There are 4 protein chains.
Amino acid sequence: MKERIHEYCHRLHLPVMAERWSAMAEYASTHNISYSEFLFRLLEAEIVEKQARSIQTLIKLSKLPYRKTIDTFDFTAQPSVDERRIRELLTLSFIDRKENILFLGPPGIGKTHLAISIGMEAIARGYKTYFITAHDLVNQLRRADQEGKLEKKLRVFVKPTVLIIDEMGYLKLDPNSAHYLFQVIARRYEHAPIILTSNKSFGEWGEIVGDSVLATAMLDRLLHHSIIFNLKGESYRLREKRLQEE
Amino acid sequence: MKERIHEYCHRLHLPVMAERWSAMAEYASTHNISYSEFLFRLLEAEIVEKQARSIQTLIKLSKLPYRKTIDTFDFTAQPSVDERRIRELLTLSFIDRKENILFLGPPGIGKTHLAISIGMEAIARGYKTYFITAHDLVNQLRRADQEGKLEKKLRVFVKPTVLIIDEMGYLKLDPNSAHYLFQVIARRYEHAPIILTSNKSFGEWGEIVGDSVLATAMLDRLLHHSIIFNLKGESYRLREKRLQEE
Amino acid sequence: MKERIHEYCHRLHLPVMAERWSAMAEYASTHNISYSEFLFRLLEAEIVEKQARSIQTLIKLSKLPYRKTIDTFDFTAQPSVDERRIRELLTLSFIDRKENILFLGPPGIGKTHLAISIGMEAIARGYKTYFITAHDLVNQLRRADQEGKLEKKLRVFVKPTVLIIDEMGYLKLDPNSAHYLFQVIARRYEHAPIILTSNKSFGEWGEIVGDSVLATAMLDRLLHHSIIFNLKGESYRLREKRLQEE
Amino acid sequence: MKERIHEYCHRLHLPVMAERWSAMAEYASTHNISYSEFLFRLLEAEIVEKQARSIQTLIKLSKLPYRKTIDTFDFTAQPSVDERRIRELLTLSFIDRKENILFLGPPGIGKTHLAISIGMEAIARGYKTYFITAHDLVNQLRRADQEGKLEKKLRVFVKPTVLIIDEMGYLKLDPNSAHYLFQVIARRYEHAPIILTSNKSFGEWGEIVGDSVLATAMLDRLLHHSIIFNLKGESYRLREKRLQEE
Ligand SMILES: Nc1ncnc2c1ncn2[C@@H]1O[C@H](COP(=O)(O)OP(=O)(O)OP(=O)(O)O)[C@@H](O)[C@H]1O
Ligand SMILES: Nc1ncnc2c1ncn2[C@@H]1O[C@H](COP(=O)(O)OP(=O)(O)OP(=O)(O)O)[C@@H](O)[C@H]1O
Ligand SMILES: Nc1ncnc2c1ncn2[C@@H]1O[C@H](COP(=O)(O)OP(=O)(O)OP(=O)(O)O)[C@@H](O)[C@H]1O
Ligand SMILES: Nc1ncnc2c1ncn2[C@@H]1O[C@H](COP(=O)(O)OP(=O)(O)OP(=O)(O)O)[C@@H](O)[C@H]1O
Ligand SMILES: [Mg+2]
Ligand SMILES: [Mg+2]
Ligand SMILES: [Mg+2]
Ligand SMILES: [Mg+2]
């Protein structure tokens, strides 16, 4: 009969239940427990494992380069940013408010760290997330258009609830491809948030994309409903370098 | 806590477990046997329900017009066929032996009834089964060819473990399309069984397909490893008509 | 030290040597012959295993549906073909002589069986072989041409030393596509032998291709240097069927 | 039988084993040796030869102009650098720590020699290495991008475990292409070490690349995990010139 139980558990797609079937049976035998409570505990454990696996798969599908979280963020080293606003962002209210989040400032101040923290929080709460750099997004859209399948890649970049665009400005974009970025900003306008991190001021975006009018349209769509953070302070990388030296 | 159990059962894709959770819990409380045996009974009931649903889905996907069984076949009305051979067929040994089944004889003698019985038995033991008429098969193959997707339809007609070709001979096949049939008979040769029901003897197949050489090739391929039944006797439809009149 | 031996054997890409290292060492210790002879035996076994793996890979790339050999061929049941000629073919002299091999006769007389025997014999002696049906070859060439990459598939059909074309005559080839076959016959003309199995006489090939001039050109190119076999006798499939019944 | 052994050894891609086959056979015959130990010795010698050839091939693939090592470096002539730190670097702990190595100072003080020594040490221990000058790297990346194959060259520059950038500052980089260099620093950041030699201070990097912001970002990414050596003293080339004159 035990083998039949194992076979049924494996057939109903309950591997962890089969693995822990003996342990839970021993626990129920040693200590008197109602059947309802036993089943509730077993199903809750199975659901916990399923949710953990789902979160891991989501993190795999979001192409996050290095998992980070706000818990490791030292606001003492970055007094230029009000931690209250960051905590408000972590509420994920902007997702329902359809508001983008624009991080700005010098290199190595936590812009990418904060963006990845927000993306990780969104993933934890079940919000589909996708992380990518501006150069990579533009190149992928250009390649998809060259292959006559731009719509598929546009759906790929528009479906995620939270799209993170990292390092918008370090590498100048090819003007002929700049419009691709606009399309995303145009298709996620009042549909989904965009978490965009950059070191360039808005007025310089025309240089980045090589089209002043297109840059102005992109900025109008992106800044219509968004939260703009202008971070400042010394680079954290240099801080760690000095600490190691000292 | 019970609502949590219901939600978990719904999330685990076990609707019947959620539906019958209360009844089984009450039975276990009133009658205490064991936690292991209680879970065994629950999972066995769930497996039975899932198996029934899968069988129904297979029947729906097998394009069987009506559902028959060997139980309803009265061998007293058709003494010309030995029931022993039919029972041997019902063991589905021909599936492993790659043997084809051919039913021949006048109309209304149970050829299609036996073919559908064999198909239903094959579906019962989990073997994929498909049923189609020769005229419809040829027409669908021609239409797929005209639209440049003959390969997809050929895969559809070759995937099933047991393919039943019914009423091959009442309607003469289009000479420009009869070759399509051969292709199927060529692709399933020594790979999957074919259950073909017809009233025309083998020597007459040349008339049906409009090509003596193609007919001979088809017959040699189909009759290599095959069980040929030449049923006889008066039509059963007329027997029922006489019984109703009398 | 033995672990180092295992690691070195794995690094040199000799898995079988590492796996059988213990057995050969035990044999050498129990039975002493010579270091040179021990290494000779080890290397002979390794070469045999490598040759077997290479033959398996070639068969994977040779597209041989079922493996047959001349040993299982019963010339007593097929006296219409002189076994001496088949043995002469087994020498593979036609490969150097640039001579094709054409089999003709009624269905189910061993034509495909002999063609696959020749193909397997060629594969054994390191010759590249590729087996295909005429209809499938024509379909693949047409699809490649429609994709603008016909020459790639043409090379794929031309690269193998021995190309076997089966079922030429049972299905009429598309007149708009039969020329593709001609191209192969043109490209392998006195370049690499072709083993073609068919049931139609040469004069009828026009009906197969729908063009008398094209059929005549194909016949002239194929028969310029070839060995023609005209087999006769009852189909062996029907003989096996009668034996099973009797 | 000896010819068979030689043929098998050559087929199994063991040239040196066959070359020394007679010598090893004579050594085994003259002095009694267990077969296991004899095979261990033979495989060890083959592995040593393979390792030497692999190291030489890696040296050829990595464009090192002249081969040097630490043993040839005279710390007495360059007291400005502590030998202890160089020896610590030779342990290759930075590879596990993802720490870069920057050499700075006047020309001809051994920066290139030390970089080549570290690269050779990395190659010897089996770590993939690559050497190039900054101008050459920038030009190659620009040419690859102009051909629409920037990703392939980026992989080429990122795949090596230890990348050496020699003479970063002697030749000013084209402002339109400086970003290419950043890409490498952007992709090798926290992934693989970089050994960079320069005669320019960090504050002047903006002049080298012609973009203050890009230079600052490159420096922040490079110095996050790095070991910086400020070498001083007279030029070694001038020292040799004076010694030859005197
Ligand atoms: N306040 C901080 N607390 C903890 N880690 C930090 C902080 N600021 C930066 N870091 C770490 O420093 C490194 C660089 O910071 P980060 O990538 O977030 O900066 P950035 O603004 O995105 O930089 P860039 O412009 O170079 O892309 C990362 O490891 C990041 O985790
Ligand atoms: N011996 C029998 N017992 C029970 N039902 C029978 C029997 N013979 C025939 N029938 C029923 O009579 C009807 C006609 O029989 P069936 O369709 O199997 O005959 P057939 O020879 O395949 O017909 P056709 O040539 O018209 O396709 C069906 O309902 C079949 O179930
Ligand atoms: N002489 C024989 N000895 C053994 N088996 C045979 C012999 N002749 C035919 N067979 C078997 O009969 C079956 C059909 O024969 P084969 O595969 O050679 O096809 P074929 O006659 O070339 O077919 P077609 O004319 O349709 O192309 C195969 O199982 C083959 O092994
Ligand atoms: N301490 C030393 N011991 C041995 N050889 C040395 C030493 N210093 C320099 N050399 C040799 O002097 C020549 C030039 O030195 P090297 O290229 O290493 O210096 P550098 O500072 O990188 O030069 P530059 O900036 O002019 O290109 C090379 O042959 C190097 O091997
Ligand atoms: Mg960043
Ligand atoms: Mg019927
Ligand atoms: Mg054949
Ligand atoms: Mg130098």
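FYI the Cβ positions are ideal-geometry reconstructions off the backbone, even for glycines, and counts take in every protein chain you see. Derivation of every value follows stated rules applied to the coordinates shown; laboratory data play no part.
Observations on the model:
- Per-residue Cβ neighbour counts within 10 Å put B:75, C:229 in the sequence B:75, C:229, beginning with the fewest.
- Both radii are taken from the alpha-carbon atoms of the protein assembly as shown; with Rh as the Kirkwood radius, Rg/Rh is 1.05.
- Annotation for residue B:53, label-to-label distances across the other copies: 1.8, 4.7, 6.2 nm (shortest first, one decimal, point 7 Å from Cα along Cα→Cβ).
- Shortest first, residue D:237 label-point distances to identical copies amount to 3.1, 8.5, 10.5 nm, with the label point at 7 Å from Cα along Cα→Cβ.
- With respect to chain A, whose longest principal axis is taken over its alpha-carbon atoms, helix A:212-223 is tilted by about 40°.
- Local electrostatic count, residue C:144, Cβ distance below 11 Å [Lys/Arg +1, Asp/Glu -1]: +3
- The phi-based Karplus calculation (6.51 cos²θ - 1.76 cosθ + 1.60; θ = phi - 60°) puts the 3J(HN,Hα) values of region B:131-141 at 10, 7, 8, 4, 4, 5, 4, 5, 5, 5, 4 Hz, whole numbers, x for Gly and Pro.
- Cα-projected label distance for residue A:16 with residue D:125, points at 7 Å along beta-carbon direction, nm: 4.1 nm
- Each listed q (0.14, 0.15 Å⁻¹) maps to a log10 I(q)/I(0) for region C:128-239, found by the Debye formula over equal Cα scatterers with no solvent: -0.56, -0.65.
- Applied to region A:105-117, the Karplus parametrisation 6.51 cos²θ - 1.76 cosθ + 1.60 on θ = phi - 60° returns per-residue 3J(HN,Hα) values of x, x, x, x, 10, x, 4, 5, 4, 5, 4, 5, 4 Hz, with x for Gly and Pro.
- Local net charge near residue C:93, Cβ-Cβ under 14 Å (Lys/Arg +1, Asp/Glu -1): +2
- About the Cα centre, charge dipole magnitude for region B:88-156 (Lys/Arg +1, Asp/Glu -1 at Cβ), debye: 240 debye
- Calculated FRET efficiency, residue B:149 to residue D:60, Cβ-Cβ distance, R0 = 60 Å: about 0.65 to the nearest 0.05.
- Taking amide H as placed 1.01 Å from N in the peptide plane, residue B:133 has its amide H under 5 Å from the amide H of B:166, each at least 5 places away in sequence or on another chain.
- Within the shell of other residues whose beta carbon sits under 14 angstrom from the beta carbon of residue D:72, the net charge comes to -3, with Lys and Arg scored +1 and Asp and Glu -1.
- Spatial separation of Cα centroids for region C:136-153 and region D:1-75, in angstrom: 49 Å
- Residues C:76, A:129, C:133, A:161, ranked from the fewest to the most other C-beta atoms within 10 Å, line up as C:76, A:161, C:133, A:129.
- Residue order, fewest to most surrounding Cβ atoms within 10 angstrom, among A:159, D:50: A:159, D:50
- One equal scatterer on each Cα of chain C, no solvent, Debye formula: the resulting log10 I(q)/I(0) at q = 0.08 Å⁻¹ is -0.44.
- Put simply, region A:1-78 fits an ellipsoid with semi-axes of 37, 18, 9 Å; these come from the alpha carbon gyration tensor as the roots of five times its eigenvalues, largest first.
- In chain A, the beta carbon lying closest to the axis that superposes A onto D belongs to the residue given here with its whole-angstrom distance, A:176, 8.
- Debye intensity ratio in log₁₀ form over the Cα atoms of region A:66-211, taken at each q of 0.09, 0.15, 0.18 Å⁻¹: -0.28, -0.77, -1.08
- Classified by the C-alpha gyration tensor, region B:1-146 has a prolate form. Its axis ratio a/c, with a ≥ b ≥ c, is 1.5 or above, and a/b is larger than b/c.
- Simple Cβ-charge dipole of region C:44-104, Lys/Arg +1 and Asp/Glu -1, about Cα centre, in debye nearest 20: 320 debye
- In this assembly of identical copies, the label point of residue C:217 (Cα plus 7 Å along Cα-to-Cβ) is separated from its counterparts by 2.4, 5.6, 6.2 nm, sorted shortest first.
- Spacing of the modelled spin labels on residue D:156 and residue C:3, each 7 Å from Cα toward Cβ, amounts to 4.1 nm.
- Under 20 Å from a label point set 7 Å out along the Cα-to-Cβ vector of residue A:97, the amide N atoms of region A:136-176 belong to A:161-165.
- Unit charges at the beta carbon, dipole of chain A: most positive-side option, A:144, A:109, A:217: A:144
- Sequence-distant residues sharing a close amide H with residue D:226 (under 5 Å, placed H): D:100
- Cβ-placed point charges (K, R +1; D, E -1), dipole of chain A about Cα centre in debye, nearest 20: 520 debye
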